[PDB]
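J.: Once you've had a glance at the structure underneath, I'll fire off some questions.
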Amino acid sequence: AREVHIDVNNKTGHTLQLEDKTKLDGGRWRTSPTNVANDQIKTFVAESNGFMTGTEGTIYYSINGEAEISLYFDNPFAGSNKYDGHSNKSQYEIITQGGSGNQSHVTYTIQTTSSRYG
């Protein structure tokens with residue numbers, strides 16, 4: 001019973017549309033991902049359900065015909081948890097901070113990309 005709690009914080013300027021391709025490679029959804037409104041935070045939760053396995057998956061969101069977001073999480077059996085957030089268009093950026101442990105928590109902040117000085 002490893003669990004992964006997921007906060008998705010939408011700061012994109014648009015609605016995050018959940019894509020059907022969203023998938024759990026291991027485990028099950030206690031609370032499953034939904035669309036998330038601009039300037040909104042929602043929490044989704046996944047449960048590991050077997051012997052010496054863990055929870056692992058990727059949530060995919062669409063930014064209104066404009067871009068694809070991928071949020072990966074892994075709370076393995078033994079090991080370090082792993083997480084990543086990626087945007088297929090340079091105009092969006094994901095901040096990823098997630099927990100260590102067993103009942104773990106990760107927050108993905110989907111934001112507008114900033115321009116770096118000089």
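Labels used: A, B, ... for chains in the order of the structure tokens, numbers from 1 for residues in each chain, and numbers from 1 for ligands as shown.
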Can you list, as a list in words, every protein, DNA or RNA residue that comes within 6 Å of region 64-69 of chain A when you count only C-alpha atoms, leaving out same-chain residues fewer than 2 positions away?

T.: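 Contacts, in chain order: residues 60, 61, 62, 86, 87, 88 and 89 of chain A.
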
J.: Contacts of residue 107 (chain A) at 6 Å or less, counting only C-alpha atoms, minus same-chain residues fewer than 4 places along, as a list in words?

T.: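 After dropping sequence-adjacent residues, the list is residues 6, 7, 8, 96, 97 and 98 of chain A.
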
J.: Using only C-alpha atoms for the distances, tell me which of A:21, A:42, A:11, A:28 is nearest to residue 93 (chain A).

T.: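 Going through A:21, A:42, A:11, A:28 one by one, the smallest distance to residue 93 (chain A) is for A:11.
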
J.: Using DSSP on the backbone coordinates, identify all residues within region 1-100 of chain A classified as strand (DSSP E or B); present the result as a VMD selection string.

T.: chain A and resid 3 to 11 16 to 18 23 to 26 28 to 31 36 40 to 47 55 to 63 67 to 75 82 to 87 92 to 98

J.: Quick one: everything within 8 Å of residue 41 (chain A), counting only C-alpha atoms, minus sequence neighbours fewer than 2 positions away in the same chain. Send it as a list in words.

T.: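 Residues meeting the cut-off are residues 7, 8, 9, 10, 36, 37, 39 and 43 of chain A.
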
J.: Identify, on the basis of only C-alpha atoms, every residue whose closest approach to residue 57 (chain A) does not exceed 9 Å; exclude the query and any residue fewer than 2 positions from it along the same chain; express the result as a compact mmCIF listing (two decimals) with N, CA, C and O atoms, in the first residue's frame.

T.:
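Saved the output as result_37.txt:
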# COMPACT_ATOMS: atom_id res chain seq x y z
N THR A 22 -4.27 9.27 -20.72
CA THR A 22 -3.84 9.24 -19.33
C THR A 22 -3.88 7.79 -18.83
O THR A 22 -4.89 7.10 -19.01
N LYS A 23 -2.81 7.31 -18.20
CA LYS A 23 -2.73 5.90 -17.82
C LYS A 23 -1.90 5.57 -16.57
O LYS A 23 -0.89 6.21 -16.29
N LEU A 24 -2.36 4.57 -15.83
CA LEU A 24 -1.64 4.04 -14.68
C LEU A 24 -0.92 2.76 -15.08
O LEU A 24 -1.57 1.77 -15.42
N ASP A 25 0.41 2.77 -15.05
CA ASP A 25 1.17 1.57 -15.38
C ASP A 25 1.11 0.53 -14.26
O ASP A 25 1.45 -0.63 -14.46
N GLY A 26 0.70 0.97 -13.08
CA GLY A 26 0.61 0.09 -11.93
C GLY A 26 -0.20 0.79 -10.87
O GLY A 26 -0.01 1.98 -10.62
N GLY A 27 -1.11 0.06 -10.24
CA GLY A 27 -1.93 0.64 -9.21
C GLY A 27 -3.29 1.04 -9.73
O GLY A 27 -3.68 0.68 -10.84
N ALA A 46 -3.72 8.11 -6.34
CA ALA A 46 -3.51 6.75 -6.84
C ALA A 46 -3.06 5.77 -5.75
O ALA A 46 -2.32 6.13 -4.84
N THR A 55 2.90 2.12 -7.38
CA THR A 55 2.05 3.00 -8.14
C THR A 55 2.87 3.74 -9.16
O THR A 55 3.89 4.35 -8.82
N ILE A 59 -0.29 11.43 -16.23
CA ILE A 59 -1.51 12.15 -16.55
C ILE A 59 -1.21 13.07 -17.72
O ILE A 59 -0.23 13.83 -17.68
N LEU A 71 2.49 14.60 -17.01
CA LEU A 71 2.87 14.57 -15.60
C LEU A 71 3.07 13.11 -15.19
O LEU A 71 2.12 12.33 -15.13
N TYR A 72 4.32 12.76 -14.94
CA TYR A 72 4.70 11.40 -14.59
C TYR A 72 4.98 11.29 -13.09
O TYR A 72 5.55 12.19 -12.49
N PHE A 73 4.54 10.19 -12.50
CA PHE A 73 4.82 9.91 -11.10
C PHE A 73 5.16 8.44 -10.92
O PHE A 73 4.63 7.58 -11.63
N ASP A 74 6.04 8.16 -9.98
CA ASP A 74 6.41 6.79 -9.64
C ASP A 74 6.74 6.68 -8.16
O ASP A 74 7.61 7.39 -7.65

J.: Can you pull out every residue within 10 Å of residue 53 (chain A), counting only C-alpha atoms, but drop anything in the same chain fewer than 4 positions away, and send it as a list in words?

T.: residues 1, 2, 26, 27, 48, 49, 75, 76, 77 and 78 of chain A
